[PDB]
Structure formats: C-alpha cells, structure tokens
>>> print(open('data_6.cif').read())   # mmCIF, C-alpha atoms
data_data
loop_
_atom_site.group_PDB
_atom_site.id
_atom_site.type_symbol
_atom_site.label_atom_id
_atom_site.label_comp_id
_atom_site.auth_asym_id
_atom_site.auth_seq_id
_atom_site.Cartn_x
_atom_site.Cartn_y
_atom_site.Cartn_z
ATOM 1 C CA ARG A 1 20.417 3.426 14.773
ATOM 2 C CA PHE A 2 20.016 4.194 11.069
ATOM 3 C CA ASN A 3 17.582 1.340 10.414
ATOM 4 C CA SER A 4 15.363 2.285 13.382
ATOM 5 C CA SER A 5 14.965 6.023 12.761
ATOM 6 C CA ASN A 6 11.603 7.454 11.749
ATOM 7 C CA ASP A 7 12.646 8.405 8.210
ATOM 8 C CA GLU A 8 13.760 4.924 7.161
ATOM 9 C CA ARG A 9 10.827 3.321 8.974
ATOM 10 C CA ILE A 10 8.477 5.532 6.948
ATOM 11 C CA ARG A 11 10.240 4.978 3.618
ATOM 12 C CA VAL A 12 10.264 1.186 3.978
ATOM 13 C CA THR A 13 6.585 1.226 4.941
ATOM 14 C CA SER A 14 5.718 3.353 1.904
ATOM 15 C CA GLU A 15 7.603 1.094 -0.512
ATOM 16 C CA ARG A 16 6.083 -2.082 0.926
ATOM 17 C CA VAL A 17 2.603 -0.535 0.838
ATOM 18 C CA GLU A 18 3.077 0.349 -2.835
ATOM 19 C CA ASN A 19 4.199 -3.182 -3.721
ATOM 20 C CA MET A 20 1.389 -4.731 -1.670
ATOM 21 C CA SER A 21 -1.209 -2.513 -3.352
ATOM 22 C CA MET A 22 0.096 -3.494 -6.787
ATOM 23 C CA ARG A 23 -0.042 -7.202 -5.930
ATOM 24 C CA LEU A 24 -3.520 -6.912 -4.402
ATOM 25 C CA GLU A 25 -4.850 -5.087 -7.463
ATOM 26 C CA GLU A 26 -3.350 -7.828 -9.638
ATOM 27 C CA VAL A 27 -5.036 -10.490 -7.492
ATOM 28 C CA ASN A 28 -8.440 -8.791 -7.570
ATOM 29 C CA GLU A 29 -8.334 -8.089 -11.318
ATOM 30 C CA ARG A 30 -7.293 -11.694 -12.095
ATOM 31 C CA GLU A 31 -10.159 -13.487 -10.341
ATOM 32 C CA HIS A 32 -11.362 -16.789 -11.801
ATOM 33 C CA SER A 33 -14.864 -16.840 -10.275
ATOM 34 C CA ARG B 1 12.949 16.950 -2.643
ATOM 35 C CA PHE B 2 9.185 17.470 -2.406
ATOM 36 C CA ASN B 3 8.307 13.879 -3.323
ATOM 37 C CA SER B 4 10.710 12.464 -0.705
ATOM 38 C CA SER B 5 9.729 14.563 2.319
ATOM 39 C CA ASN B 6 7.979 12.968 5.278
ATOM 40 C CA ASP B 7 4.644 14.734 4.755
ATOM 41 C CA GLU B 8 4.102 13.532 1.190
ATOM 42 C CA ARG B 9 5.434 10.073 2.038
ATOM 43 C CA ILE B 10 2.825 9.843 4.807
ATOM 44 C CA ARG B 11 -0.056 11.211 2.727
ATOM 45 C CA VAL B 12 0.584 8.842 -0.188
ATOM 46 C CA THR B 13 0.817 5.902 2.214
ATOM 47 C CA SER B 14 -2.484 6.873 3.843
ATOM 48 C CA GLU B 15 -4.301 7.171 0.510
ATOM 49 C CA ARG B 16 -2.958 3.852 -0.769
ATOM 50 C CA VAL B 17 -3.852 2.145 2.520
ATOM 51 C CA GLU B 18 -7.404 3.474 2.186
ATOM 52 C CA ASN B 19 -7.743 2.159 -1.372
ATOM 53 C CA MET B 20 -6.199 -1.201 -0.457
ATOM 54 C CA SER B 21 -8.538 -1.571 2.522
ATOM 55 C CA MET B 22 -11.574 -0.864 0.338
ATOM 56 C CA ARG B 23 -10.479 -3.392 -2.290
ATOM 57 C CA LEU B 24 -9.639 -6.040 0.320
ATOM 58 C CA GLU B 25 -13.023 -5.606 2.005
ATOM 59 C CA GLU B 26 -14.663 -6.001 -1.409
ATOM 60 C CA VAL B 27 -12.664 -9.189 -2.022
ATOM 61 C CA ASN B 28 -13.476 -10.686 1.384
ATOM 62 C CA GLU B 29 -17.199 -9.878 1.409
ATOM 63 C CA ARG B 30 -17.760 -11.130 -2.163
ATOM 64 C CA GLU B 31 -16.536 -14.720 -2.473
ATOM 65 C CA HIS B 32 -17.629 -17.574 -4.719
ATOM 66 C CA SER B 33 -17.137 -20.249 -2.045
#
>>> encode(input="data_6.cif", output="structure tokens")
Amino acid sequence: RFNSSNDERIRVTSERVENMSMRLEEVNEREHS
Amino acid sequence: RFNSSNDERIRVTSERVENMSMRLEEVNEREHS
C-alpha cells in the first residue's frame, strides 16, 4: 500500500526523470559525429 | 517542505520532461547515419 500511493509514485517518477535527463544531456553533449 | 510538496514535484517533472523531449527530438531528427 505504501509503494502504490500517489505520493511515492510521484517522487519515484521525479527522481527517475531527473536521472534520465542528466544521462540524456550527457549523451547529447558527448556526440562523436 | 515547499520543495517536497506534490505541486512543485509535478511542475519540475513537467518542465524536465519538456526539455528532455525537445533534446531527444533534436537527437533523433539529426543523425549522421
């Protein structure tokens, strides 16, 4: 019940979005062509 | 308390998703191969 509530499901999404944005910016800045 | 509320945690996620979508579209449309 704790892991399926709206608050945790928003917090996990926010953290994963932040990490994904950081990795995507790293990928796009480090192009080789 | 302000930075951990649901409203800010949704707004930040929306803005970062917008930026990530723009950058990913730029990456996909512009390819060397």
>>> closest_residue(input="data_6.cif", among="B:8, B:22, B:32, B:3", to="chain A", atoms="all atoms listed in the file")
B:32
>>> atom_distance(input="data_6.cif", atom1="CA of residue 28 in chain A", atom2="CA of residue 11 in chain B")
24.0 Å
>>> interface_residues(input="data_6.cif", of="chain A", to="chain B", cutoff="9 Å", atoms="all atoms listed in the file", output="ChimeraX atom specification")
/A:7,10-11,13-15,17-18,20-21,24-25,28,33
>>> axis_aligned_box(input="data_6.cif", around="range 24-30 of chain A", padding_each_side="5 Å", output="lines of an AutoDock Vina configuration file")
center_x = -5.9
center_y = -8.4
center_z = -8.2
size_x = 15.1
size_y = 16.6
size_z = 17.7
>>> decode(input="data_6.cif", residues="chain A", atoms="N, CA and C atoms", output="compact mmCIF listing (two decimals), in the first residue's frame")
# COMPACT_ATOMS: atom_id res chain seq x y z
N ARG A 1 0.82 -1.20 0.00
CA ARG A 1 0.00 0.00 0.00
C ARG A 1 0.86 1.26 0.00
N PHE A 2 2.00 1.23 0.70
CA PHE A 2 2.87 2.39 0.69
C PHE A 2 3.51 2.62 -0.67
N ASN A 3 3.96 1.55 -1.33
CA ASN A 3 4.66 1.71 -2.60
C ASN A 3 3.74 2.01 -3.77
N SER A 4 2.42 1.95 -3.58
CA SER A 4 1.48 2.21 -4.66
C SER A 4 0.69 3.50 -4.47
N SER A 5 0.95 4.25 -3.41
CA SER A 5 0.24 5.50 -3.20
C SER A 5 0.74 6.56 -4.18
N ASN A 6 -0.04 7.64 -4.30
CA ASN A 6 0.27 8.66 -5.29
C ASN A 6 1.56 9.40 -4.95
N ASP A 7 1.83 9.63 -3.67
CA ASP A 7 2.99 10.42 -3.28
C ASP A 7 4.29 9.72 -3.67
N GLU A 8 4.42 8.44 -3.33
CA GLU A 8 5.62 7.70 -3.69
C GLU A 8 5.73 7.52 -5.20
N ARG A 9 4.61 7.29 -5.87
CA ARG A 9 4.62 7.13 -7.31
C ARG A 9 4.98 8.42 -8.03
N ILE A 10 4.77 9.57 -7.40
CA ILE A 10 5.23 10.83 -7.98
C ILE A 10 6.70 11.05 -7.67
N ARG A 11 7.13 10.76 -6.44
CA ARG A 11 8.52 11.00 -6.07
C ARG A 11 9.48 10.14 -6.87
N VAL A 12 9.14 8.86 -7.05
CA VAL A 12 9.99 7.96 -7.83
C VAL A 12 10.07 8.44 -9.28
N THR A 13 8.94 8.86 -9.84
CA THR A 13 8.92 9.37 -11.20
C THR A 13 9.80 10.60 -11.34
N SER A 14 9.73 11.52 -10.36
CA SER A 14 10.54 12.72 -10.42
C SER A 14 12.03 12.40 -10.37
N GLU A 15 12.43 11.51 -9.45
CA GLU A 15 13.84 11.15 -9.35
C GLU A 15 14.34 10.48 -10.62
N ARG A 16 13.56 9.55 -11.17
CA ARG A 16 13.99 8.86 -12.38
C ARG A 16 14.04 9.81 -13.57
N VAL A 17 13.11 10.78 -13.63
CA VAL A 17 13.14 11.77 -14.70
C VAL A 17 14.39 12.63 -14.59
N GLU A 18 14.77 13.02 -13.37
CA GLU A 18 15.98 13.81 -13.19
C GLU A 18 17.21 13.04 -13.66
N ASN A 19 17.34 11.78 -13.24
CA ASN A 19 18.49 10.98 -13.65
C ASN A 19 18.51 10.77 -15.16
N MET A 20 17.34 10.50 -15.75
CA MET A 20 17.26 10.28 -17.19
C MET A 20 17.62 11.54 -17.96
N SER A 21 17.19 12.70 -17.48
CA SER A 21 17.55 13.96 -18.13
C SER A 21 19.05 14.20 -18.06
N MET A 22 19.66 13.91 -16.91
CA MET A 22 21.11 14.08 -16.79
C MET A 22 21.85 13.17 -17.77
N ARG A 23 21.44 11.90 -17.85
CA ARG A 23 22.10 10.97 -18.75
C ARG A 23 21.89 11.36 -20.21
N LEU A 24 20.69 11.83 -20.56
CA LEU A 24 20.42 12.21 -21.94
C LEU A 24 21.22 13.45 -22.33
N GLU A 25 21.34 14.42 -21.42
CA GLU A 25 22.18 15.58 -21.69
C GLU A 25 23.64 15.17 -21.88
N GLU A 26 24.11 14.23 -21.05
CA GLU A 26 25.47 13.72 -21.22
C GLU A 26 25.65 13.05 -22.58
N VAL A 27 24.66 12.27 -23.01
CA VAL A 27 24.74 11.60 -24.30
C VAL A 27 24.78 12.61 -25.44
N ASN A 28 23.90 13.62 -25.38
CA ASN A 28 23.82 14.57 -26.48
C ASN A 28 25.04 15.49 -26.53
N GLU A 29 25.61 15.84 -25.37
CA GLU A 29 26.80 16.69 -25.37
C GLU A 29 28.03 15.94 -25.84
N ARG A 30 28.07 14.62 -25.64
CA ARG A 30 29.24 13.79 -25.95
C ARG A 30 29.09 13.06 -27.28
N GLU A 31 28.49 13.70 -28.28
CA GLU A 31 28.38 13.07 -29.59
C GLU A 31 29.75 12.99 -30.26
N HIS A 32 29.91 12.00 -31.13
CA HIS A 32 31.16 11.80 -31.86
C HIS A 32 31.02 12.06 -33.35
N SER A 33 29.85 12.51 -33.81
CA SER A 33 29.64 12.80 -35.22
C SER A 33 28.65 13.94 -35.40
